[PDB]
There are 2 protein chains.
Amino acid sequence: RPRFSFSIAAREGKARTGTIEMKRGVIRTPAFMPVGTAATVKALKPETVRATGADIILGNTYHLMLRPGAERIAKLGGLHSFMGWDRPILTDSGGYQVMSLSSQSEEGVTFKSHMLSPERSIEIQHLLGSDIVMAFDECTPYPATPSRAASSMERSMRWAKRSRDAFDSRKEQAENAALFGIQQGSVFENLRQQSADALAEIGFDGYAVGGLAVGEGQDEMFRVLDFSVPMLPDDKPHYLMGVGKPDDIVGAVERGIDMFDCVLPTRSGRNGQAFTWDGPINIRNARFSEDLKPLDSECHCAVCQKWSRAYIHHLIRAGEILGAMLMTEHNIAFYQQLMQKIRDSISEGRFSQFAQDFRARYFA
Amino acid sequence: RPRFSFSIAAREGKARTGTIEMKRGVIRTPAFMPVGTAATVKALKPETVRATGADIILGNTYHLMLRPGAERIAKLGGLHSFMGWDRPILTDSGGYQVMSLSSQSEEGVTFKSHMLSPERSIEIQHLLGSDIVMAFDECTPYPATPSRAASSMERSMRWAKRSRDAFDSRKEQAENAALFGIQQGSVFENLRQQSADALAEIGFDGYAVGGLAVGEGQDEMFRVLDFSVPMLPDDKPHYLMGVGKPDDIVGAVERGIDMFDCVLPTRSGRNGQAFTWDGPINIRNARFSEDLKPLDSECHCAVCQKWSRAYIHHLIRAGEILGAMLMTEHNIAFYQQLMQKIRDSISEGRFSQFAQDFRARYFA
Ligand SMILES: [Zn+2]
Ligand SMILES: [Zn+2]
């Protein structure tokens with residue numbers, strides 16, 4: 001098994017489908033990564049995550065370095081052994097949560113729930129045993145000004161080189177893991193270009209598009225993807241961080257994105273929102289109290305084979321943990337079925353038709 | 001498959017082991033019934049409940065009549081179909097929660113979260129599709145006086161006859177379900193006797209011992225069981241309601257009890273308490289933060305095959321739903337392994353030795 005091999009099997013327009021082969025397994029692209037912030041995909045055993053079709057999950061450097069601790073996880077055998085997921089794990093670098101959750105120099109950032117630098121982030125991700133390591137970046141809030149966008153971007157590019165060097169200095173990491181760079185530059189075409197050029201000069205295994213899904217709206221996000229994804233190396237995976245709703249994912253694939261992560265299916269499942277091919281529904285609504293149909297009429301997941309809307313409605317209204325478990329399994333399974341339909345339609349040269357058919361029914 | 005057939009395969013002293021055959025399956029005795037108050041055994045899929053070894057679960061008339069409603073559950077196909085458990089279900093009658101949770105004549109009780117009578121309780125349990133129906137009783141708080149104990153007991157005996165008649169008037173219920181009477185009389189030998197005599201004159205499929213596990217302490221509970229269980233028909237199952245801790249169960253079996261239910265393994269599992277053969281542990285304690293051993297070194301459950309104390313410690317301290325799921329599966333599996341060891345040791349004529357060996361290690 002190779003360290004990291006991305007192969008594009010089929011294209012349609014800007015959309016691609018294929019595989020990333022890694023030592024712990026194969027990732028089918030376009031891929032959706034369930035988020036496992038605190039070494040768990042919330043309310044699911046790892047076997048259940050796998051059963052839904054997930055090939056890879058996401059963990060977070062910031063959360064795990066605080067609880068339970070990166071050195072502690074390494075002493076316990078690594079994140080895979082710790083949480084019981086033996087397939088690839090991508091770890092975000094911590095740059096976003098340092099900004100978004102905690103309370104800043106060229107060397108790095110100090111904060112209160114600790115210090116984080118490019119070199120420390122890579123070391124933490126090494127200690128976790130991450131398969132796809134993200135470069136450590138400096139994030140700026142939305143809506144950023146041109147000055148704050150450029151200044152965050154250029155520092156992020158200097159930090160990308162430092163991340164690259166720290167990764168390459170760790171023999172075990174360099175031989176067994178992969179490293180992705182993060183393109184910044186907010187909604188400004190020029191800065192996105194300067195960012196892409198700098199990352200391509202350094203050379204990474206994959207290229208993430210950062211700085212989106214922070215409140216910009218789908219139109220603007222698509223506008224930025226329109227010019228930003230062509231700037232990235234075509235022969236490497238393209239990862240859109242933090243995205244997103246099902247229609248966001250379809251449109252991002254139409255624009256060249258290969259990888260996705262977001263908390264929406266897990267978080268909104270626990271809140272009562274279930275995704276269906278006819279759009280989301282809120283299972284708490286009184287109209288479901290005696291609905292014997294499954295959450296979705298076509299879904300193949302174990303929840304839709306076994307339980308009714310009426311039962312899940314009862315569980316969520318009662319605050320029952322099984323409600324959260326079932327909603328989450330169905331939502332993650334729905335997302336994986338979406339990615340499967342995207343992959344098959346690109347492979348078959350009918351993704352354009354699938355996207356139109358998906359949107360017409362989903363927004364009917 | 002028979003409606004209800006209790007067969008004692010082996011005895012040792014007052015202890016018995018055997019089977020209850022019912023239309024939806026066989027119940028191995030002594031049996032522990034996981035509690036599924038709101039049509040779910042908290043944080044477990046029914047398949048997981050079955051995987052732990054449970055033959056039967058407990059539901060509650062009081063909770064389900066309020067949410068989601070007994071007529072509604074019947075319209076949706078019954079409790080078994082609703083929650084996805086196709087094996088026997090025993091429903092408590094609601095008499096305890098009417099007292100313990102809500103805010104009283106010879107006819108029945110009116111309360112605020114509705115009315116409950118012997119006839120209405122049996123009808124609700126019919127609507128739920130319960131396999132073992134409990135007679136509706138009038139409970140009195142602990143510590144009851146001799147006057148309040150006798151008055152509650154005698155009314156409960158009149159209500160037991162009314163429960164019997166309502167059950168027998170419902171042909172589908174009488175042909176497919178079983179009916180248990182509840183012995184009351186608090187800690188008073190004379191009243192326990194009068195209660196036992198009245199129930200035996202009416203005739204029931206099984207006999208529950210009510211009015212215990214309400215704060216009386218194990219010594220007093222055992223003292224009451226010492227004279228109360230011999231009063232019940234020997235050839236019928238003996239159900240101790242609401243009990244209990246593992247040592248409570250062993251001592252109750254030594255005194256003739258065949259069936260048990262309690263929220264302890266589920267509720268205290270979510271609170272961080274895990275049962276082991278060396279006694280309970282609280283997994284939140286800092287001493288488990290780097291403990292790679294399973295919750296219990298001998299346990300056969302899926303949790304102890306896959307995850308460490310250290311990981312479960314992290315989950316429970318983080319408030320993660322998977323923490324509750326794993327603790328609960330292990331605790332219910334531990335209880336079922338206890339019942340299995342009890343059944344095997346009685347069958348083999350070494351239960352006395354097992355009880356001594358269990359207590360010496362569990363309280364070491
Ligand atoms: Zn489903
Ligand atoms: Zn176990």
# chains A, B, ... in the order shown; residues from 1 in each chain; ligands from 1
$ residues_around --residues "residue A:89" --least-positions-apart "6" --cutoff "8 Å" --atoms "only C-alpha atoms" --output "PyMOL selection string"
chain A and resi 56-59+80+130-132
$ select_by_dssp --residues "stretch 165-249 of chain B" --states "strand (DSSP E)" --output "PDB file with N, CA and C atoms, in the first residue's frame"
ATOM      1  N   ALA B 178     -49.503 -12.745  29.614  1.00  0.00           N
ATOM      2  CA  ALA B 178     -49.536 -13.271  30.970  1.00  0.00           C
ATOM      3  C   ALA B 178     -49.790 -12.132  31.949  1.00  0.00           C
ATOM      4  N   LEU B 179     -50.303 -12.477  33.130  1.00  0.00           N
ATOM      5  CA  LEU B 179     -50.661 -11.488  34.140  1.00  0.00           C
ATOM      6  C   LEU B 179     -49.980 -11.838  35.456  1.00  0.00           C
ATOM      7  N   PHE B 180     -49.278 -10.868  36.055  1.00  0.00           N
ATOM      8  CA  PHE B 180     -48.615 -11.052  37.343  1.00  0.00           C
ATOM      9  C   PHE B 180     -49.316 -10.235  38.418  1.00  0.00           C
ATOM     10  N   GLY B 181     -49.475 -10.830  39.619  1.00  0.00           N
ATOM     11  CA  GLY B 181     -49.950 -10.085  40.771  1.00  0.00           C
ATOM     12  C   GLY B 181     -48.781  -9.545  41.578  1.00  0.00           C
ATOM     13  N   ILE B 182     -49.038  -8.510  42.374  1.00  0.00           N
ATOM     14  CA  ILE B 182     -47.999  -7.831  43.145  1.00  0.00           C
ATOM     15  C   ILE B 182     -48.326  -7.973  44.623  1.00  0.00           C
ATOM     16  N   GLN B 183     -47.441  -8.640  45.360  1.00  0.00           N
ATOM     17  CA  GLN B 183     -47.568  -8.778  46.803  1.00  0.00           C
ATOM     18  C   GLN B 183     -47.112  -7.496  47.493  1.00  0.00           C
ATOM     19  N   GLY B 206     -47.606 -15.196  37.539  1.00  0.00           N
ATOM     20  CA  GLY B 206     -46.388 -14.978  38.296  1.00  0.00           C
ATOM     21  C   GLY B 206     -46.709 -14.014  39.407  1.00  0.00           C
ATOM     22  N   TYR B 207     -45.791 -13.920  40.367  1.00  0.00           N
ATOM     23  CA  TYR B 207     -46.038 -13.135  41.572  1.00  0.00           C
ATOM     24  C   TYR B 207     -44.846 -12.234  41.814  1.00  0.00           C
ATOM     25  N   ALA B 208     -45.095 -10.932  41.808  1.00  0.00           N
ATOM     26  CA  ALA B 208     -44.069  -9.947  42.088  1.00  0.00           C
ATOM     27  C   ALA B 208     -44.086  -9.580  43.565  1.00  0.00           C
ATOM     28  N   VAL B 209     -42.908  -9.265  44.087  1.00  0.00           N
ATOM     29  CA  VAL B 209     -42.754  -8.729  45.434  1.00  0.00           C
ATOM     30  C   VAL B 209     -42.600  -7.220  45.309  1.00  0.00           C
ATOM     31  N   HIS B 238     -41.132 -15.689  40.546  1.00  0.00           N
ATOM     32  CA  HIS B 238     -41.107 -14.708  41.626  1.00  0.00           C
ATOM     33  C   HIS B 238     -40.286 -13.511  41.157  1.00  0.00           C
ATOM     34  N   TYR B 239     -40.917 -12.344  41.056  1.00  0.00           N
ATOM     35  CA  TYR B 239     -40.316 -11.157  40.450  1.00  0.00           C
ATOM     36  C   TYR B 239     -40.094 -10.104  41.533  1.00  0.00           C
ATOM     37  N   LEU B 240     -38.834  -9.742  41.783  1.00  0.00           N
ATOM     38  CA  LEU B 240     -38.530  -8.678  42.737  1.00  0.00           C
ATOM     39  C   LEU B 240     -38.377  -7.357  41.979  1.00  0.00           C
TER      40      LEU B 240
END
$ interface_residues --of "chain B" --to "chain A" --cutoff "8 Å" --atoms "only C-alpha atoms" --output "PyMOL selection string"
chain B and resi 38+40+42-45+67-68+72+76+82-84+290+292+306-308+311+314+318+320-322+325
$ residues_around --residues "residue A:201" --least-positions-apart "3" --cutoff "12 Å" --atoms "only C-alpha atoms" --output "list in words"
residues 157, 158, 160, 161, 164, 181, 194, 195, 196, 197, 198, 204, 232 and 233 of chain A
$ atom_distance --atom1 "atom CA of residue A:212" --atom2 "atom CA of residue A:275"
22.5 Å
$ select_by_dssp --residues "stretch 75-135 of chain B" --states "alpha helix (DSSP H)" --output "ChimeraX atom specification"
/B:75,79-83,95-100,118-128
$ write_last_selection --atoms "C-alpha atoms" --output "PDB file, in the first residue's frame"
ATOM      1  CA  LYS B  75     -52.333   2.854  16.116  1.00  0.00           C
ATOM      2  CA  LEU B  79     -44.777  -1.156  21.409  1.00  0.00           C
ATOM      3  CA  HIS B  80     -42.730  -4.016  19.931  1.00  0.00           C
ATOM      4  CA  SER B  81     -42.981  -2.660  16.380  1.00  0.00           C
ATOM      5  CA  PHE B  82     -42.645   0.957  17.583  1.00  0.00           C
ATOM      6  CA  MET B  83     -39.287   0.544  19.319  1.00  0.00           C
ATOM      7  CA  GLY B  95     -49.003   2.419  40.314  1.00  0.00           C
ATOM      8  CA  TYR B  96     -45.530   3.388  41.506  1.00  0.00           C
ATOM      9  CA  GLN B  97     -45.038   6.392  39.209  1.00  0.00           C
ATOM     10  CA  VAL B  98     -48.544   7.652  39.958  1.00  0.00           C
ATOM     11  CA  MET B  99     -47.210   7.988  43.510  1.00  0.00           C
ATOM     12  CA  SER B 100     -43.551   8.802  42.880  1.00  0.00           C
ATOM     13  CA  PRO B 118     -57.181  -1.281  37.411  1.00  0.00           C
ATOM     14  CA  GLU B 119     -59.323  -1.509  34.262  1.00  0.00           C
ATOM     15  CA  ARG B 120     -57.611   1.425  32.526  1.00  0.00           C
ATOM     16  CA  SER B 121     -54.119   0.117  33.359  1.00  0.00           C
ATOM     17  CA  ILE B 122     -54.892  -3.282  31.838  1.00  0.00           C
ATOM     18  CA  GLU B 123     -56.378  -1.627  28.740  1.00  0.00           C
ATOM     19  CA  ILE B 124     -53.293   0.573  28.309  1.00  0.00           C
ATOM     20  CA  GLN B 125     -51.055  -2.467  28.625  1.00  0.00           C
ATOM     21  CA  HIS B 126     -53.241  -4.203  26.053  1.00  0.00           C
ATOM     22  CA  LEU B 127     -52.854  -1.199  23.733  1.00  0.00           C
ATOM     23  CA  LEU B 128     -49.076  -1.358  24.199  1.00  0.00           C
TER      24      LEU B 128
END
$ residues_near_ligand --ligand "ligand 2" --cutoff "8 Å" --atoms "only C-alpha atoms and all ligand atoms" --output "number ranges by chain"
B: 294-296, 298-305, 329-331, 333-334
$ closest_residue --among "A:186, A:297, A:356, A:147" --to "ligand 1" --atoms "only C-alpha atoms and all ligand atoms"
A:297
$ atom_distance --atom1 "atom CA of residue A:27" --atom2 "atom CA of residue A:242"
18.2 Å
